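Visitor: Here it is, the structure, as structure tokens.
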Amino acid sequence: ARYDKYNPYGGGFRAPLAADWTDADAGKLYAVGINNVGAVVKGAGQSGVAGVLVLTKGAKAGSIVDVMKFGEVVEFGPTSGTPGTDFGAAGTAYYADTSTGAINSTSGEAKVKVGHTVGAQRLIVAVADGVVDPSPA
Amino acid sequence: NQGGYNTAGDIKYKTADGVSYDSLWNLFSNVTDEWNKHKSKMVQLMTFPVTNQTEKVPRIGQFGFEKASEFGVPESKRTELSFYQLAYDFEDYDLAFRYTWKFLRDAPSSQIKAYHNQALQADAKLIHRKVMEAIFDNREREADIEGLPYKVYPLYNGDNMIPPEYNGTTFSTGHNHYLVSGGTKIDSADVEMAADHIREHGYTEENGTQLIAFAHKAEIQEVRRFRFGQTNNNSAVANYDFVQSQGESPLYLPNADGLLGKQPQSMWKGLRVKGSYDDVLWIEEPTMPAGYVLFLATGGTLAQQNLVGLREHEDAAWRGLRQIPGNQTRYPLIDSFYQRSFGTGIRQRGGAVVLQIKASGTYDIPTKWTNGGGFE
Amino acid sequence: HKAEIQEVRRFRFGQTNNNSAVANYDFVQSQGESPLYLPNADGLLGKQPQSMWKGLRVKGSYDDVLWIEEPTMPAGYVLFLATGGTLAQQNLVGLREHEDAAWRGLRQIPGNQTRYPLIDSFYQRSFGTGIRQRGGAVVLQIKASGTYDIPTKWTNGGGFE
Amino acid sequence: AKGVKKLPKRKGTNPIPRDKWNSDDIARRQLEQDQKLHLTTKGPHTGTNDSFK
């Protein structure tokens, strides 16, 4: 995954990273939230899911990261795939697991929609306000 | 070989029937073997002096356009570099003469000059074997340059180095220039396959190259018989025909009456040329082992420098054939050493093909040109 | 593509080819091809084909058509094309470009993100293609049965590369 | 000009075709070198005959 369209004024925001991100996460996409200190964590923080994040190289705690809420991500595939070889299905919705921050196409009542794909490799990021269904039947 | 110390008792006589032992050794004081003159010529037309101990070959990725739109903006494009790299091997070789004090007192000085001349011959034999090992031994080697290890390569050998793309042709891993004919006698099909395995990498007649095939006469005596659309060995049918060179005798010409085109040159680099097939010149190579053909590109934009690099030491004090003063000095024993240092590797991994004529199984290295098998 | 040229150069008058067809002409190789033995001292009736056409290299001729090895050509396809003469002074495909010179050629456009934190730049070209001389060429596909297939590398809407 | 060469033909008596080779040129050049490996001598006229077969 890579950022391709990002808008600094209300499309995303700066925040400090709560923990080190290792180079094993380089080029992966995660859904992210804010902890009670005001720093970025994978999955929902206290904030719920705030946005999505990609780093092109590993980064230390307390470094500043550009979280995306609205924009486009290219070279996209699910968080569990290998970056740059494994890619999304065309035309499908994508959902964050709020516990791990992992993104895949499987919908679920407690998951948060992060976007949908326009062809296999481009994700239109547009993060939902809350979970897919807060009142299951 | 005889070997050991030179001793009194190896001096057979001062004279026999009025002929001096000194005057016999004086004959051999300046002789050179006519085969060693040929081996030296083959090294000269098949090697270049290595100036750079390592080669790096980079490539760049590529991208395309997108269809435009009235309001929105394009996806972004990036590209990345990557490279292969190749090095040249290096090795040291030694020889000795040892004497007793009685021998140096009593022996003719002409025997010492004859010995020096024979070491200077054994040098030219060594370099030729190590140049031919570089081509025929289908195995990778390692070299250290500035303490970094590098791979040293033969031709393409079924390894994971992917050949460069050429004219939109994209090669895989496992590309291989050590070929087995799959039949007991050479086909036109085999010759055609082997020449095209070169020409797919560039090395074409449009690039200005000439292909040469060096073979033992047992294979040339098949190849001279290939006629267009006629059957050969192993039921192959020849897609071209063998045209004898301008100097070959008229009574060898086939049952034909005109030639479309021009006959091949009679001589190339001072070697006699038998003729050509598929625009490859065929040359009988005196050193070539029986069941093998070497196909080699020459003289284009590509292949403008010869196939094999000769690496030598960076300091002139360590280049050439050198005499070392030895460490038994003057009594009772004396010794002296000769040393030669160099090594070999191939940059143009696609610029030649080795074809072996056998019915089945994998390629064999010719015994005479295996690494570790000996020194000539 | 060379897979078809390696068949075509073997065609000989009155002899039989791949699908039991008999050749109504022989293939005659150009000057600068590898030499060939001929049954007769005069050998050839008529004139041998040119070695080079338009800076491309010619293999030879069959039925007075010049044959060219073309590395861009997909495997099972041949393009036959008329050139020169009274018709066909003008090439097969027209390139349309915009009427105003300010909008012709490859152009750089400065991009909406300018200096900090992000920077953009764009390249644009606009053009299109059509044929007038609808009879000026033929495409032959080598397949055993059924309808013509467009080469996947050249289906319209398949890609930009 | 025409692209065809007329091949040569038999003219009543033909020189015998013999194959030139690179190997045979080495052997000939070695033989004319080896021809120098001779010493002139005194004959049987030396009081010993151990050199003679």
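The way I read the labels, and the way they are meant: chains A, B, ... in the order of the structure tokens, residue 1 as the first residue of every chain, and ligand 1 as the first ligand shown, with later ones counted on from there.
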Output as a tab-separated table one row per residue of chain A within 10 Å of chain C: the closest atom pair and its distance in Å to one decimal place, counting only C-alpha atoms, sorted by chain and residue number ascending.
Guide:
residue	atom	partner	partner_atom	distance
A:6	CA	C:118	CA	8.8
A:7	CA	C:118	CA	9.1
A:8	CA	C:117	CA	8.2
Visitor: Any chance you can output those residues with C-alpha atoms as a PDB file, in the first residue's frame?
Guide:
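The result, stored in result.pdb:
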ATOM      1  CA  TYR A   6      -3.799  12.990   0.419  1.00  0.00           C
ATOM      2  CA  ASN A   7      -5.347  16.332   1.475  1.00  0.00           C
ATOM      3  CA  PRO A   8      -3.614  18.010   4.504  1.00  0.00           C
TER       4      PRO A   8
END
Visitor: What's the 8 Å shell around range 130-140 of chain C, counting only C-alpha atoms, without same-chain residues fewer than 6 positions away, as number ranges by chain?
Guide: C: 77-82, 88, 92-95
Visitor: Could the residues of chain D within 6 Å of chain B, counting only C-alpha atoms, be given as a list in words, please?
Guide: residues 3, 4, 5, 6, 7, 17, 23, 30, 46 and 48 of chain D
Visitor: Next, dump the selected residues to file, keeping only N, CA, C and O atoms, as a short mmCIF file (atom, residue, chain, number, x, y, z; two decimals), in the first residue's frame.
Guide:
data_model
loop_
_atom_site.label_atom_id
_atom_site.label_comp_id
_atom_site.auth_asym_id
_atom_site.auth_seq_id
_atom_site.Cartn_x
_atom_site.Cartn_y
_atom_site.Cartn_z
N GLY D 3 22.51 -11.73 -58.69
CA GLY D 3 23.00 -12.25 -57.41
C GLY D 3 23.55 -13.68 -57.42
O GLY D 3 23.81 -14.23 -56.35
N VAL D 4 23.69 -14.31 -58.58
CA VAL D 4 24.11 -15.72 -58.72
C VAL D 4 25.54 -15.81 -59.22
O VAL D 4 25.89 -15.22 -60.24
N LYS D 5 26.36 -16.61 -58.53
CA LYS D 5 27.68 -17.06 -58.99
C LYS D 5 27.53 -18.40 -59.70
O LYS D 5 26.91 -19.31 -59.16
N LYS D 6 28.14 -18.56 -60.88
CA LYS D 6 28.24 -19.85 -61.58
C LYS D 6 29.33 -20.70 -60.93
O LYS D 6 30.48 -20.25 -60.82
N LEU D 7 29.01 -21.91 -60.49
CA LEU D 7 29.99 -22.78 -59.84
C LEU D 7 31.02 -23.30 -60.85
O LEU D 7 30.66 -23.58 -61.99
N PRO D 17 41.26 -33.81 -54.76
CA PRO D 17 40.82 -33.04 -53.61
C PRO D 17 41.44 -33.62 -52.33
O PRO D 17 41.23 -34.79 -52.01
N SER D 23 44.93 -28.45 -37.87
CA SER D 23 45.78 -29.45 -37.22
C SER D 23 46.97 -29.86 -38.09
O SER D 23 48.11 -29.86 -37.63
N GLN D 30 55.64 -28.10 -37.27
CA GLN D 30 56.46 -28.82 -36.31
C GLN D 30 57.51 -29.69 -37.00
O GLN D 30 58.66 -29.70 -36.57
N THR D 46 86.08 -43.19 -34.23
CA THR D 46 86.23 -42.63 -32.87
C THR D 46 86.60 -43.66 -31.79
O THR D 46 86.68 -43.31 -30.62
N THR D 48 85.02 -46.09 -30.38
CA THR D 48 83.85 -46.65 -29.70
C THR D 48 82.63 -46.55 -30.61
O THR D 48 82.60 -45.76 -31.55
#
Visitor: Of the candidates C:25, C:121, C:89, C:18, which shows the shortest atom-to-atom distance to chain B, using only C-alpha atoms?
Guide: C:121
Visitor: Could you tell me which residues of chain A sit within 9 Å of chain B when counting only C-alpha atoms, and give me the result as a list in words?
Guide: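 That gives the following set of residues: residues 4, 5, 72 and 74 of chain A.
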Visitor: Pick out the closest residue to residue 22 in chain B from this set: B:106, B:128, B:146, B:164. Count only C-alpha atoms.
Guide: B:106
Visitor: I need the chain B residues near chain C as a count of residues only; criterion: at most 12 Å, counting only C-alpha atoms.
Guide: 56
Visitor: Using only C-alpha atoms, which of B:145, B:104, B:213, B:354 sits nearest residue 157 in chain B?
Guide: B:354
Visitor: To one decimal in Å, tell me the separation between CA of residue 79 in chain A and CA of residue 102 in chain A.
Guide: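 So the answer is 5.5 Å.
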Visitor: May I have the residues within 7 Å of range 118-131 of chain A as a VMD selection string, using only C-alpha atoms and disregarding those fewer than 6 positions away in the same chain?
Guide: chain A and resid 51 69 to 77 87 to 91 109 to 112
Visitor: What does the distance between CA of residue 18 in chain D and CA of residue 190 in chain B come to in Å, to one decimal place?
Guide: 28.0 Å
